[PDB]
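Shown here is one chain on its own, the form deposited without the ligand, set out as structure tokens.
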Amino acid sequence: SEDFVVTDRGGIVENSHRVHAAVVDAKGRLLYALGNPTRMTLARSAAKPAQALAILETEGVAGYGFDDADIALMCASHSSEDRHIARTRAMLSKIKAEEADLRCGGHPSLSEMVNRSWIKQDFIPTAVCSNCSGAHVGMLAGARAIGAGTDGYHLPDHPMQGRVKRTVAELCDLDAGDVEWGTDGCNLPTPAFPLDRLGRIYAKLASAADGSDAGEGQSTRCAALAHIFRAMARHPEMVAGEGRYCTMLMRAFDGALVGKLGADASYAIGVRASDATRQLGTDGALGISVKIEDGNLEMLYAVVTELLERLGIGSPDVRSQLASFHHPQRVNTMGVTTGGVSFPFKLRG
């Protein structure tokens, strides 16, 4: 299963990157694969929708009045635009907390454009600027709602992180021992499980959206998953920002799916049932997860866009909005194109 994305200079191989991908149905049955579809994989921020679920199922969180844009921010790895920071502060007021209560730190923006502004300003990013700030405020919310004490909401012994750990395992349909945990850049526990289970999570998100839309009776959990899908698709700029893959991908598909970046080159997508999914051989929703073995983001976005093409998800029209991600520009300092990106991999079913 030698599946690669490859860059060339004048047709000479520059770099090559090993690709893993899983394509699963709404129960997580594996439908297509690249590389090792069960690779044990840190999901990183691609697990944010499952953290958002653990927040939304925390009793009393409903009392704070978070809106859909708020929930989308809980699912986000945002670009620290002024609207993201403003929303972080506004969410903190809702729970009568302060920036001092966050246990996440500032960092250079995920948007080069934002970061340039910051440099010109000599702006020092603080906790509320964290790309994960929405998820931390959600967790603080949960901690206050159960009377747990906000100190250490971010540590594994805290009930808020016990709810995350349980929720992740449940969504993956794994025993607790089959999920491993480390600590992320924003100082939260972050899960590792087989790659296909990441796609299983996103298949469940889209499936719940399908059930909601069709008027089907739903469990509290399904209803909440459907609320999360709608939040992300309706406010995709909260999930990332202007110019960001996730935001442009989700705007292009106009509610048809959701997508989320995980750091070090993971990606997950949840596709509502359609002609395309039926053509692929399932009668429900579908889930896609991808990992680039070496962590290269640019190659990741190329592969995800190629993968959608090969699955016939969308249209040439929809997917063209992502063209600059699909075939990255390889132009030298004098305006000369010096190479390209190719995709020597083969989907197996």
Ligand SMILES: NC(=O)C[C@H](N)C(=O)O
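For every residue, the number given is its place in the sequence shown, counted from 1.
Only in words, not in the display: the form solved in complex with the ligand, which the text now covers.
Heavy atom within 4.5 Å of the ligand in the entry with it bound: which of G255, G185, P159, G243 fits that? Just give me the one.
None of the other options qualify; the answer is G185.
Please pick, from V179, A226, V128, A263, the one residue with any non-hydrogen atom lying within 4.5 angstroms of the ligand in the entry with it bound.
Checking each option against the ligand in the entry with it bound, the one that comes within 4.5 Å is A263.
Would you check, heavy atoms only and a 4.5 Å threshold, whether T277 touches the ligand in the entry with it bound?
No, no contact at 4.5 Å.
Do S77 and the ligand share at least one heavy atom pair within 4.5 Å in the entry with it bound?
Taking the distances in the entry with it bound, the answer for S77 is yes, it comes within 4.5 Å of the ligand.
Should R319 be counted as a contact of the ligand in the entry with it bound, where contact means heavy atoms within 4.5 Å?
The answer is no: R319 has no heavy atom within 4.5 Å of the ligand.
Although the partner isn't part of this model, could you tell me whether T41 comes within 4.5 Å of the ligand in the entry with it bound, counting any heavy atom of the residue?
Flag for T41 set to no.
Thinking of the ligand in the entry with it bound, which stretch from 185-193, 82-90, 202-210, 229-237 has heavy atoms inside 4.5 Å of it?
Result for this chain: 185-193.
Kindly indicate whether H20, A33 and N36 are, all three, within 4.5 angstroms of the ligand in the entry with it bound, using heavy atoms.
Checking in the entry with it bound: none of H20, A33 and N36 is within 4.5 Å of the ligand.
Within 4.5 Å of the ligand in the entry with it bound, which residues of 305-338 have a heavy atom? Give them in sequence order, or say none.
Nothing in the stretch sits within 4.5 Å of the partner.
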